[PDB]
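Peer 1: Dropping a structure here in structure tokens format, bear with me for questions.
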Amino acid sequence: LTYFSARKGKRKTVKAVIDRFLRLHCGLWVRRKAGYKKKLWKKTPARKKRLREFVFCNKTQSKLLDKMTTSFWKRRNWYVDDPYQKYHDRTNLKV
Amino acid sequence: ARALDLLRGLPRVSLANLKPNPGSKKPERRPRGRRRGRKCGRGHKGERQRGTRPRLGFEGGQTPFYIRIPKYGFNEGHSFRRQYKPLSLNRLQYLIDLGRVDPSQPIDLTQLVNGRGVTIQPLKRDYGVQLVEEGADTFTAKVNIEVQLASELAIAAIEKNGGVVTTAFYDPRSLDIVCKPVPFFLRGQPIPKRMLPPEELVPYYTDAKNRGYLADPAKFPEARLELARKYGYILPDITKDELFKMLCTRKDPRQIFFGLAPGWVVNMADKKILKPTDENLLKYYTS
Amino acid sequence: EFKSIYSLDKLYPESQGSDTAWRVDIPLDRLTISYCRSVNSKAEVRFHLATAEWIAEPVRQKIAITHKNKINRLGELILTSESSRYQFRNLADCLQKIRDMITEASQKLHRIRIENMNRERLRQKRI
Amino acid sequence: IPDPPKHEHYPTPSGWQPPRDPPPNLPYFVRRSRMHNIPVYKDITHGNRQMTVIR
Amino acid sequence: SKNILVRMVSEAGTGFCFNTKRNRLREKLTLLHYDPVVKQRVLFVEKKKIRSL
RNA sequence: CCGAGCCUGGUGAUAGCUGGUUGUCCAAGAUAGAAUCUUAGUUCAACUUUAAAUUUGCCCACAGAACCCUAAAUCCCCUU
RNA sequence: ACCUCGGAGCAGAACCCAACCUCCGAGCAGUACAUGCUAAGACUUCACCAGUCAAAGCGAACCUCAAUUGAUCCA
Ligand SMILES: [Mg+2]
Ligand SMILES: [Mg+2]
Ligand SMILES: [Mg+2]
Ligand SMILES: [Mg+2]
Ligand SMILES: [Mg+2]
Ligand SMILES: [Mg+2]
Ligand SMILES: [Mg+2]
Ligand SMILES: [Mg+2]
Ligand SMILES: [Mg+2]
Ligand SMILES: [Mg+2]
């Protein structure tokens with residue numbers, strides 16, 4: 001997806017997935033479940049909480065957007081007042 | 001050695017006796033012949049070989065995965081979010097044991113980055129470095145560490161051993177010169193004066209608990225007493241030791257180095273240091 | 001050597017001496033402390049209760065009768081904490097619990113009282 | 001890199017220990033790195049090759 | 001146009017709200033509900049309509 | 001050679017469609033389906049391939065898997 | 001003529017299974033307003049999107065029906 005630009009000849013990230021997803025440095029990507037802001041009146045309480053909770057992504061669609069993004073978005077970022085600091089790293093992972 | 005005594009008997013090395021490590025440069029495989037030549041690994045018939053496949057992330061008219069997911073405030077203003085690089089007092093204990101940074105003198109981000117303790121990328125919007133509680137044990141530094149951010153355990157551990165902690169904010173172009181001043185000294189311009197913190201970090205750098213350089217010195221004994229009262233350790237009054245003056249060496253705002261000040265132009269080839277000596281220029285650099 | 005308009009002496013003239021920035025209960029020397037690990041570092045504090053002069057008389061026995069579980073055979077109150085990996089933070093909430101104990105001293109149970117009432121209404125018996 | 005200070009107490013904190021002098025007479029020897037550390041390192045490959053190397 | 005969806009507002013001024021269905025002909029309703037902020041059953045009055053169903 | 005002329009230029013227009021794609025030798029290898037202004041195609045699944053980490057995989061033995069409305073079988077399963 | 005969803009046979013017995021194959025239906029309604037918040041562990045309409053069940057805890061009392069419906073941006 002736009003492998004080489006015209007003014008510099010570099011990959012170009014689309015700001016779509018920036019607004020939709022978020023990266024952890026281990027290589028994981030999360031997202032807000034769709035349909036969480038529409039027709040909440042008819043949904044049971046168990047459904048709307050399932051929509052409010054975050055969800056990870058499969059390796060394929062994660063790999064797909066990883067091909068899209070550039071190395072700038074993959075670097076380690078040390079934010080302040082960031083709850084994702086505990087999750088950028090991984091612990092007790094075997095195979 | 002067993003390596004060299006072979007070469008003396010073996011013949012002389014030249015271009016003809018030259019060869020790389022086997023397994024490094026694998027041979028190129030071009031599509032010419034019976035094996036690859038027929039279709040060259042592009043499929044039988046379709047966009048795969050014709051080259052008119054859709055873009056990446058296309059589902060054949062179906063809504064791609066990246067549009068069906070709603071937008072949320074994950075990374076907005078990330079080019080202005082607050083960032084700082086970690087620094088562990090384990091490493092500080094490690095680096096002083098190696099002797100690259102001397103505890104006899106006041107430690108600083110300049111002495112740190114001159115020691116290559118941690119890299120820093122000011123154009124990647126990191127306004128300094130924070131202390132990290134990991135390393136509370138095995139710490140006898142006694143240094144007058146200069147930092148930007150600081151944790152409560154790091155301050156207590158440093159003050160227990162007799163050291164000194166203090167926060168000091170730097171601007172983007174005021175920090176890149178701090179972490180790397182010599183190329184600006186190849187320019188010849190006067191070093192710029194620092195600024196006050198932004199319109200949200202002032203409560204932090206004015207508070208006494210976090211050792212704010214705007215906070216009063218009268219409140220630091222109170223904060224020291226509460227930390228000793230908190231984590232249960234004696235409070236060593238550092239006025240006794242001979243180097244108490246060194247430990248209290250601190251830079252006022254709008255000054256980078258303890259020696260140098262804004263407006264002071266420095267030169268290395270035919271080494272000289274110069275002043276403006278104009279009332280209009282001098283009184284602003286103090287401001 | 002250099003003093004800006006935002007300098008310490010200029011901002012707050014009340015404090016001038018650099019020594020002013022470094023001027024000056026629960027005696028640590030009287031207490032006994034040890035450390036171990038089990039992945040968190042545990043801090044074990046121990047001290048004789050009745051010998052502590054810094055605690056007053058009515059507070060001392062109050063802690064004894066209310067915290068009968070933790071006292072040792074030799075008379076020392078034992079206290080432990082292994083929430084964090086940092087022995088300093090372990091020592092922190094240890095004395096905080098002790099501070100919370102003396103303050104309140106100076107100030108399933110539903111099922112338990114049922115059986116006590118059942119036991120009391122069962123023992124109507126004269127010699 | 002400056003030669004580190006000769007600490008009166010060993011092993012130094014942070015698990016540092018300089019090499020013994022004179023070395024032990026052996027058929028081999030392992031030198032320290034630029035930072036006077038041990039040249040033992042880790043490495044991950046294929047997501048599962050969980051190995052350690054010496055240089 | 002049988003039923004109607006209506007919102008209600010916390011009379012305490014906290015701003016907690018939700019929605020429920022109502023008949024087009026039935027009069028205004030006032031019911032209790034557990035406010036997570038006030039943390040007990042409190043009366044809410046419904047104000048207006050949002051959409052028919 | 002006018003359902004709208006001819007020449008150059010944009011233009012190497014684009015074409016999910018056809019046409020064809022160059023030396024030698026060896027191994028493995030056709031595989032449920034869902035969605036699509038989608039059924040001549042594409043994305044994912046499944047299958048196949050390479051280089052690896054770990055250990056179970058396969059065949060399966062008694063027992064076990066519905067009332068409603070009498071089939072060959074099937075699922076699981078320690079042993080071997 | 002149909003384009004989505006649910007039930008029955010084809011598909012008898014773990015699962016799945018199509019035909020412009022054979023039938024019946026749905027795009028609601030009713031009662032509460034804790035139809036509140038969180039949380040172990042799993043299934044999943046053969047991918048994904050979705051859709052599902054829920055121990056326990058805080059806080060309280062002392063949901064039925066089968067489909068009964070609709071993503072993103074934007075307002
Ligand atoms: Mg084809
Ligand atoms: Mg062809
Ligand atoms: Mg095309
Ligand atoms: Mg490597
Ligand atoms: Mg003509
Ligand atoms: Mg072409
Ligand atoms: Mg073969
Ligand atoms: Mg088996
Ligand atoms: Mg599935
Ligand atoms: Mg429960």
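Here's how to read the names in the structure tokens: chain A, B, ... by the order shown, residue numbers from 1 in each chain, ligand numbers from 1 in the order shown.
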Could you give me the residues within chain C that DSSP places in strand (DSSP E or B), as a PyMOL selection string?

Peer 2: chain C and resi 32-37+41-48+71+76-81

Peer 1: For ligand 10, list the contacting residues at 12 Å or closer, counting only C-alpha atoms (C1' of nucleotides) and all ligand atoms, as a PyMOL selection string.

Peer 2: chain G and resi 38-40+54-58+60

Peer 1: Please measure the separation of CA of residue 43 (chain E) and CA of residue 4 (chain E), giving the value in Å to one decimal.

Peer 2: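 The value is 20.1 Å.
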
Peer 1: Distance limit 9 Å, reference ligand 2, atoms considered: only C-alpha atoms (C1' of nucleotides) and all ligand atoms. Which residues make the cut? Give them as number ranges by chain.

Peer 2: B: 39, 44-45; F: 18-20

Peer 1: Would you save the residues from that selection as a PDB file, in the first residue's frame, using N, CA, C and O atoms (P, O5', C5', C4', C3', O3' and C1' of nucleotides)?

Peer 2:
```pdb
ATOM      1  N   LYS B  39       5.987 -20.578 -15.782  1.00  0.00           N
ATOM      2  CA  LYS B  39       5.122 -19.542 -15.230  1.00  0.00           C
ATOM      3  C   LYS B  39       5.841 -18.619 -14.249  1.00  0.00           C
ATOM      4  O   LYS B  39       5.281 -17.581 -13.882  1.00  0.00           O
ATOM      5  N   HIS B  44      -1.469 -19.591 -12.476  1.00  0.00           N
ATOM      6  CA  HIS B  44      -1.904 -20.032 -13.795  1.00  0.00           C
ATOM      7  C   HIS B  44      -2.547 -18.891 -14.573  1.00  0.00           C
ATOM      8  O   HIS B  44      -2.054 -18.510 -15.640  1.00  0.00           O
ATOM      9  N   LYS B  45      -3.639 -18.335 -14.051  1.00  0.00           N
ATOM     10  CA  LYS B  45      -4.390 -17.285 -14.724  1.00  0.00           C
ATOM     11  C   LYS B  45      -5.151 -16.466 -13.693  1.00  0.00           C
ATOM     12  O   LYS B  45      -5.874 -17.025 -12.861  1.00  0.00           O
TER      13      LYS B  45
ATOM     14  P     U F  18      -8.668 -15.518 -19.895  1.00  0.00           P
ATOM     15  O5'   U F  18      -7.628 -15.716 -21.083  1.00  0.00           O
ATOM     16  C5'   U F  18      -7.999 -16.455 -22.257  1.00  0.00           C
ATOM     17  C4'   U F  18      -7.578 -15.724 -23.510  1.00  0.00           C
ATOM     18  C3'   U F  18      -6.162 -15.983 -23.987  1.00  0.00           C
ATOM     19  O3'   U F  18      -6.058 -17.249 -24.623  1.00  0.00           O
ATOM     20  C1'   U F  18      -6.681 -13.681 -24.201  1.00  0.00           C
ATOM     21  P     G F  19      -4.833 -18.204 -24.273  1.00  0.00           P
ATOM     22  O5'   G F  19      -3.617 -17.491 -25.011  1.00  0.00           O
ATOM     23  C5'   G F  19      -3.595 -17.392 -26.444  1.00  0.00           C
ATOM     24  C4'   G F  19      -2.527 -16.426 -26.895  1.00  0.00           C
ATOM     25  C3'   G F  19      -1.136 -16.646 -26.333  1.00  0.00           C
ATOM     26  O3'   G F  19      -0.401 -17.751 -26.853  1.00  0.00           O
ATOM     27  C1'   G F  19      -1.637 -14.360 -26.224  1.00  0.00           C
ATOM     28  P     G F  20      -0.231 -19.053 -25.948  1.00  0.00           P
ATOM     29  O5'   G F  20       1.319 -19.098 -25.593  1.00  0.00           O
ATOM     30  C5'   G F  20       2.334 -19.093 -26.604  1.00  0.00           C
ATOM     31  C4'   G F  20       3.235 -17.906 -26.385  1.00  0.00           C
ATOM     32  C3'   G F  20       4.160 -17.969 -25.177  1.00  0.00           C
ATOM     33  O3'   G F  20       5.366 -18.691 -25.389  1.00  0.00           O
ATOM     34  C1'   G F  20       3.053 -15.908 -25.169  1.00  0.00           C
TER      35        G F  20
END
```

Peer 1: Ligand 5: which residues are within 9 Å, counting only C-alpha atoms (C1' of nucleotides) and all ligand atoms, as an MDAnalysis selection string?

Peer 2: chainID F and resid 1:2 5:6

Peer 1: The selected residues should be written to file as a PDB file, in the first residue's frame (atoms: N, CA, C and O atoms (P, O5', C5', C4', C3', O3' and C1' of nucleotides)).

Peer 2:
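Full text of part28.pdb as output:
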```pdb
ATOM      1  P     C F   1     -13.620   5.309 -47.745  1.00  0.00           P
ATOM      2  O5'   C F   1     -13.308   4.535 -46.388  1.00  0.00           O
ATOM      3  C5'   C F   1     -14.359   3.995 -45.602  1.00  0.00           C
ATOM      4  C4'   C F   1     -13.883   3.599 -44.226  1.00  0.00           C
ATOM      5  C3'   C F   1     -13.592   4.738 -43.263  1.00  0.00           C
ATOM      6  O3'   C F   1     -14.760   5.257 -42.650  1.00  0.00           O
ATOM      7  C1'   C F   1     -11.821   3.174 -43.192  1.00  0.00           C
ATOM      8  P     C F   2     -15.460   6.594 -43.206  1.00  0.00           P
ATOM      9  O5'   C F   2     -16.152   7.221 -41.917  1.00  0.00           O
ATOM     10  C5'   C F   2     -16.021   6.595 -40.644  1.00  0.00           C
ATOM     11  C4'   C F   2     -16.682   7.402 -39.554  1.00  0.00           C
ATOM     12  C3'   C F   2     -18.124   7.817 -39.836  1.00  0.00           C
ATOM     13  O3'   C F   2     -18.863   7.849 -38.617  1.00  0.00           O
ATOM     14  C1'   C F   2     -16.802   9.744 -39.531  1.00  0.00           C
ATOM     15  P     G F   5     -13.928  11.917 -34.220  1.00  0.00           P
ATOM     16  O5'   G F   5     -13.129  11.933 -35.597  1.00  0.00           O
ATOM     17  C5'   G F   5     -13.563  11.151 -36.699  1.00  0.00           C
ATOM     18  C4'   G F   5     -12.952  11.629 -37.991  1.00  0.00           C
ATOM     19  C3'   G F   5     -11.435  11.557 -38.071  1.00  0.00           C
ATOM     20  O3'   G F   5     -10.972  10.261 -38.416  1.00  0.00           O
ATOM     21  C1'   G F   5     -12.165  13.681 -38.811  1.00  0.00           C
ATOM     22  P     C F   6      -9.912   9.490 -37.485  1.00  0.00           P
ATOM     23  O5'   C F   6      -8.508  10.099 -37.921  1.00  0.00           O
ATOM     24  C5'   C F   6      -8.065  10.004 -39.266  1.00  0.00           C
ATOM     25  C4'   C F   6      -7.094  11.104 -39.611  1.00  0.00           C
ATOM     26  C3'   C F   6      -5.876  11.229 -38.711  1.00  0.00           C
ATOM     27  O3'   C F   6      -4.857  10.294 -39.019  1.00  0.00           O
ATOM     28  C1'   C F   6      -6.827  13.361 -39.035  1.00  0.00           C
TER      29        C F   6
END
```

Peer 1: From the DSSP assignment of the backbone, select every residue of chain A that is helix (DSSP H, G or I), and format the answer as a ChimeraX atom specification.

Peer 2: /A:16-20,45-52,59-68,71-74,85-88

Peer 1: Which residues form the shell of 12 Å around ligand 7 when you count only C-alpha atoms (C1' of nucleotides) and all ligand atoms, given as a PDB file with N, CA and C atoms (P, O5', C5', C4', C3', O3' and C1' of nucleotides), in the first residue's frame?

Peer 2:
```pdb
ATOM      1  P     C F  26      15.753 -35.013 -12.301  1.00  0.00           P
ATOM      2  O5'   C F  26      15.799 -34.818 -10.721  1.00  0.00           O
ATOM      3  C5'   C F  26      16.552 -35.704  -9.908  1.00  0.00           C
ATOM      4  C4'   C F  26      16.467 -35.339  -8.448  1.00  0.00           C
ATOM      5  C3'   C F  26      15.069 -35.234  -7.863  1.00  0.00           C
ATOM      6  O3'   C F  26      14.502 -36.495  -7.550  1.00  0.00           O
ATOM      7  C1'   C F  26      16.346 -33.370  -7.183  1.00  0.00           C
ATOM      8  P     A F  27      12.906 -36.667  -7.449  1.00  0.00           P
ATOM      9  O5'   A F  27      12.545 -36.051  -6.026  1.00  0.00           O
ATOM     10  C5'   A F  27      13.082 -36.609  -4.837  1.00  0.00           C
ATOM     11  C4'   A F  27      12.801 -35.741  -3.637  1.00  0.00           C
ATOM     12  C3'   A F  27      11.335 -35.496  -3.319  1.00  0.00           C
ATOM     13  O3'   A F  27      10.729 -36.575  -2.627  1.00  0.00           O
ATOM     14  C1'   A F  27      12.497 -33.448  -3.252  1.00  0.00           C
ATOM     15  P     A F  28       9.217 -37.014  -2.962  1.00  0.00           P
ATOM     16  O5'   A F  28       8.327 -35.910  -2.239  1.00  0.00           O
ATOM     17  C5'   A F  28       8.328 -35.793  -0.824  1.00  0.00           C
ATOM     18  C4'   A F  28       7.706 -34.497  -0.371  1.00  0.00           C
ATOM     19  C3'   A F  28       6.257 -34.270  -0.775  1.00  0.00           C
ATOM     20  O3'   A F  28       5.332 -34.944   0.060  1.00  0.00           O
ATOM     21  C1'   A F  28       7.511 -32.320  -1.221  1.00  0.00           C
ATOM     22  P     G F  29       4.034 -35.648  -0.575  1.00  0.00           P
ATOM     23  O5'   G F  29       3.224 -34.446  -1.237  1.00  0.00           O
ATOM     24  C5'   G F  29       2.609 -33.448  -0.434  1.00  0.00           C
ATOM     25  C4'   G F  29       2.063 -32.321  -1.275  1.00  0.00           C
ATOM     26  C3'   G F  29       1.078 -32.718  -2.364  1.00  0.00           C
ATOM     27  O3'   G F  29      -0.244 -32.868  -1.874  1.00  0.00           O
ATOM     28  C1'   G F  29       2.725 -31.294  -3.278  1.00  0.00           C
TER      29        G F  29
END
```

Peer 1: How would you write, as a PDB file with N, CA, C and O atoms (P, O5', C5', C4', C3', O3' and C1' of nucleotides), in the first residue's frame, the set of residues no farther than 12 Å from ligand 1 when counting only C-alpha atoms (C1' of nucleotides) and all ligand atoms?

Peer 2:
```pdb
ATOM      1  N   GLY B  43       1.364 -18.078 -10.728  1.00  0.00           N
ATOM      2  CA  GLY B  43       0.046 -18.657 -10.862  1.00  0.00           C
ATOM      3  C   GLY B  43      -0.311 -18.955 -12.307  1.00  0.00           C
ATOM      4  O   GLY B  43       0.415 -18.632 -13.250  1.00  0.00           O
ATOM      5  N   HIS B  44      -1.469 -19.591 -12.476  1.00  0.00           N
ATOM      6  CA  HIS B  44      -1.904 -20.032 -13.795  1.00  0.00           C
ATOM      7  C   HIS B  44      -2.547 -18.891 -14.573  1.00  0.00           C
ATOM      8  O   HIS B  44      -2.054 -18.510 -15.640  1.00  0.00           O
ATOM      9  N   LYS B  45      -3.639 -18.335 -14.051  1.00  0.00           N
ATOM     10  CA  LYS B  45      -4.390 -17.285 -14.724  1.00  0.00           C
ATOM     11  C   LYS B  45      -5.151 -16.466 -13.693  1.00  0.00           C
ATOM     12  O   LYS B  45      -5.874 -17.025 -12.861  1.00  0.00           O
ATOM     13  N   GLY B  46      -4.990 -15.156 -13.754  1.00  0.00           N
ATOM     14  CA  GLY B  46      -5.662 -14.243 -12.850  1.00  0.00           C
ATOM     15  C   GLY B  46      -4.793 -13.041 -12.554  1.00  0.00           C
ATOM     16  O   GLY B  46      -3.676 -12.898 -13.048  1.00  0.00           O
ATOM     17  N   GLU B  47      -5.313 -12.164 -11.692  1.00  0.00           N
ATOM     18  CA  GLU B  47      -4.630 -10.930 -11.316  1.00  0.00           C
ATOM     19  C   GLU B  47      -3.262 -11.177 -10.685  1.00  0.00           C
ATOM     20  O   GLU B  47      -2.423 -10.270 -10.652  1.00  0.00           O
ATOM     21  N   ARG B  48      -3.035 -12.391 -10.172  1.00  0.00           N
ATOM     22  CA  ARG B  48      -1.762 -12.721  -9.541  1.00  0.00           C
ATOM     23  C   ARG B  48      -0.594 -12.521 -10.501  1.00  0.00           C
ATOM     24  O   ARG B  48       0.412 -11.895 -10.149  1.00  0.00           O
ATOM     25  N   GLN B  49      -0.714 -13.041 -11.724  1.00  0.00           N
ATOM     26  CA  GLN B  49       0.319 -12.873 -12.739  1.00  0.00           C
ATOM     27  C   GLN B  49       0.077 -11.673 -13.643  1.00  0.00           C
ATOM     28  O   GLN B  49       1.043 -11.060 -14.108  1.00  0.00           O
ATOM     29  N   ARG B  50      -1.185 -11.322 -13.904  1.00  0.00           N
ATOM     30  CA  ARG B  50      -1.473 -10.140 -14.708  1.00  0.00           C
ATOM     31  C   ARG B  50      -1.025  -8.857 -14.023  1.00  0.00           C
ATOM     32  O   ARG B  50      -0.761  -7.864 -14.709  1.00  0.00           O
TER      33      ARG B  50
ATOM     34  P     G F  16      -7.042  -7.077 -15.978  1.00  0.00           P
ATOM     35  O5'   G F  16      -7.871  -8.369 -15.558  1.00  0.00           O
ATOM     36  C5'   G F  16      -7.354  -9.291 -14.605  1.00  0.00           C
ATOM     37  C4'   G F  16      -8.447 -10.129 -13.991  1.00  0.00           C
ATOM     38  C3'   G F  16      -9.585 -10.501 -14.938  1.00  0.00           C
ATOM     39  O3'   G F  16     -10.070 -11.804 -14.623  1.00  0.00           O
ATOM     40  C1'   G F  16     -10.449  -9.269 -13.118  1.00  0.00           C
ATOM     41  P     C F  17      -9.352 -13.230 -15.179  1.00  0.00           P
ATOM     42  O5'   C F  17      -9.336 -12.992 -16.762  1.00  0.00           O
ATOM     43  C5'   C F  17     -10.473 -13.378 -17.571  1.00  0.00           C
ATOM     44  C4'   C F  17     -10.544 -12.706 -18.933  1.00  0.00           C
ATOM     45  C3'   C F  17      -9.478 -13.043 -19.955  1.00  0.00           C
ATOM     46  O3'   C F  17      -9.622 -14.367 -20.445  1.00  0.00           O
ATOM     47  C1'   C F  17     -10.106 -10.767 -20.155  1.00  0.00           C
ATOM     48  P     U F  39     -18.135 -11.485 -10.594  1.00  0.00           P
ATOM     49  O5'   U F  39     -18.422 -13.045 -10.458  1.00  0.00           O
ATOM     50  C5'   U F  39     -17.357 -13.961 -10.225  1.00  0.00           C
ATOM     51  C4'   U F  39     -17.825 -15.394 -10.250  1.00  0.00           C
ATOM     52  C3'   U F  39     -18.790 -15.750 -11.384  1.00  0.00           C
ATOM     53  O3'   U F  39     -18.515 -17.067 -11.863  1.00  0.00           O
ATOM     54  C1'   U F  39     -19.785 -16.261  -9.308  1.00  0.00           C
ATOM     55  P     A F  40     -18.542 -17.388 -13.439  1.00  0.00           P
ATOM     56  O5'   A F  40     -17.005 -17.364 -13.856  1.00  0.00           O
ATOM     57  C5'   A F  40     -16.123 -16.373 -13.339  1.00  0.00           C
ATOM     58  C4'   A F  40     -14.756 -16.471 -13.966  1.00  0.00           C
ATOM     59  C3'   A F  40     -13.730 -15.459 -13.459  1.00  0.00           C
ATOM     60  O3'   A F  40     -12.430 -16.047 -13.464  1.00  0.00           O
ATOM     61  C1'   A F  40     -14.046 -15.164 -15.780  1.00  0.00           C
ATOM     62  P     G F  41     -11.899 -16.848 -12.175  1.00  0.00           P
ATOM     63  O5'   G F  41     -11.209 -15.725 -11.283  1.00  0.00           O
ATOM     64  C5'   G F  41     -10.172 -14.913 -11.812  1.00  0.00           C
ATOM     65  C4'   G F  41     -10.125 -13.568 -11.135  1.00  0.00           C
ATOM     66  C3'   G F  41      -9.693 -13.575  -9.677  1.00  0.00           C
ATOM     67  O3'   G F  41      -8.284 -13.623  -9.519  1.00  0.00           O
ATOM     68  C1'   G F  41     -11.653 -12.285  -9.898  1.00  0.00           C
ATOM     69  P     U F  42      -7.632 -14.334  -8.233  1.00  0.00           P
ATOM     70  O5'   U F  42      -7.926 -13.317  -7.044  1.00  0.00           O
ATOM     71  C5'   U F  42      -7.441 -11.984  -7.094  1.00  0.00           C
ATOM     72  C4'   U F  42      -8.079 -11.117  -6.040  1.00  0.00           C
ATOM     73  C3'   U F  42      -7.884 -11.561  -4.599  1.00  0.00           C
ATOM     74  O3'   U F  42      -6.621 -11.191  -4.072  1.00  0.00           O
ATOM     75  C1'   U F  42     -10.155 -11.029  -4.952  1.00  0.00           C
TER      76        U F  42
END
```

Peer 1: Taking only C-alpha atoms (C1' of nucleotides) and all ligand atoms into account, which residues are within 9 Å of ligand 9, as a count of residues only?

Peer 2: 4

Peer 1: Can you pull out every residue with an atom within 10 Å of ligand 6? Use only C-alpha atoms (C1' of nucleotides) and all ligand atoms and format it as an MDAnalysis selection string.

Peer 2: (chainID B and resid 50:52) or (chainID F and resid 12:15)

Peer 1: Can I get the selection written as a PDB file, in the first residue's frame, with C-alpha atoms (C1' of nucleotides)?

Peer 2:
```pdb
ATOM      1  CA  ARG B  50      -1.473 -10.140 -14.708  1.00  0.00           C
ATOM      2  CA  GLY B  51      -0.442  -7.710 -11.957  1.00  0.00           C
ATOM      3  CA  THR B  52      -3.844  -6.017 -11.472  1.00  0.00           C
TER       4      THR B  52
ATOM      5  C1'   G F  12       4.783   2.359 -21.847  1.00  0.00           C
ATOM      6  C1'   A F  13      -3.463   5.025 -21.131  1.00  0.00           C
ATOM      7  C1'   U F  14      -6.116   1.075 -18.745  1.00  0.00           C
ATOM      8  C1'   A F  15      -7.945  -3.835 -19.654  1.00  0.00           C
TER       9        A F  15
END
```

Peer 1: Determine, counting only C-alpha atoms (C1' of nucleotides), which protein, DNA and RNA residues have an atom within 8 Å of an atom of region 99-103 of chain C; residues of the same chain fewer than 3 positions away are not included. Present the result as a ChimeraX atom specification.

Peer 2: /C:59,63,95-96,106-107

Peer 1: Write down, as a list in words, each residue of chain G that has any atom within 9 Å of an atom of chain B, counting only C-alpha atoms (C1' of nucleotides).

Peer 2: residues 48, 49, 71, 72 and 73 of chain G

Peer 1: Tell me, in Å to one decimal, how far CA of residue 37 (chain B) is from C1' of residue 24 (chain F).

Peer 2: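 Pair CA of residue 37 (chain B) / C1' of residue 24 (chain F) returns 12.7 Å.
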
Peer 1: Extract, using only C-alpha atoms (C1' of nucleotides), all DNA, RNA and protein residues at most 10 Å from region 29-46 of chain D, discarding same-chain residues fewer than 3 positions from it, and format them as a ChimeraX atom specification.

Peer 2: /B:95,98 /D:1-4,16-19,23-26,49-55 /F:51-53

Peer 1: What gap, in Å, lies between CA of residue 89 (chain A) and CA of residue 119 (chain B)?

Peer 2: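 We find that CA of residue 89 (chain A) and CA of residue 119 (chain B) lie 20.0 Å from each other.
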
Peer 1: Excluding residue 63 (chain G) and any residue of its chain fewer than 6 positions from it, enumerate the residues within 12 Å of it, using only C-alpha atoms (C1' of nucleotides), and give them as JSON, numbers by chain.

Peer 2: {"A": [44, 45], "G": [30, 31, 32, 33, 35]}

Peer 1: Do me a favour and pick out the residues of chain C within 9 Å of chain B, using only C-alpha atoms, as a ChimeraX atom specification.

Peer 2: /C:1-8,11-12,14-16,18-26,28,86-93,95-96

Peer 1: Residues up to 12 Å from ligand 8, counting only C-alpha atoms (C1' of nucleotides) and all ligand atoms: could you list those as a list in words?

Peer 2: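 The residues within 12 Å of ligand 8, counting only C-alpha atoms (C1' of nucleotides) and all ligand atoms, are residues 56, 57, 58, 59, 60, 61, 76, 77, 78, 79 and 80 of chain F.
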
Peer 1: Using only C-alpha atoms (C1' of nucleotides), determine which residues of chain E fall within 12 Å of chain G; present them as a list in words.

Peer 2: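 Residues of chain E within 12 Å of chain G, counting only C-alpha atoms (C1' of nucleotides): residues 2, 3, 8, 18, 19, 20, 21, 22, 23, 29, 30, 31, 32, 33, 34, 35, 36, 37, 38, 39, 40, 41, 42, 43, 44 and 53 of chain E.
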
Peer 1: Taking only C-alpha atoms into account and nothing else, which residues of chain B lie no more than 10 Å away from chain A? Please answer as a ChimeraX atom specification.

Peer 2: /B:54-57,65-76,78,81-86,124,126
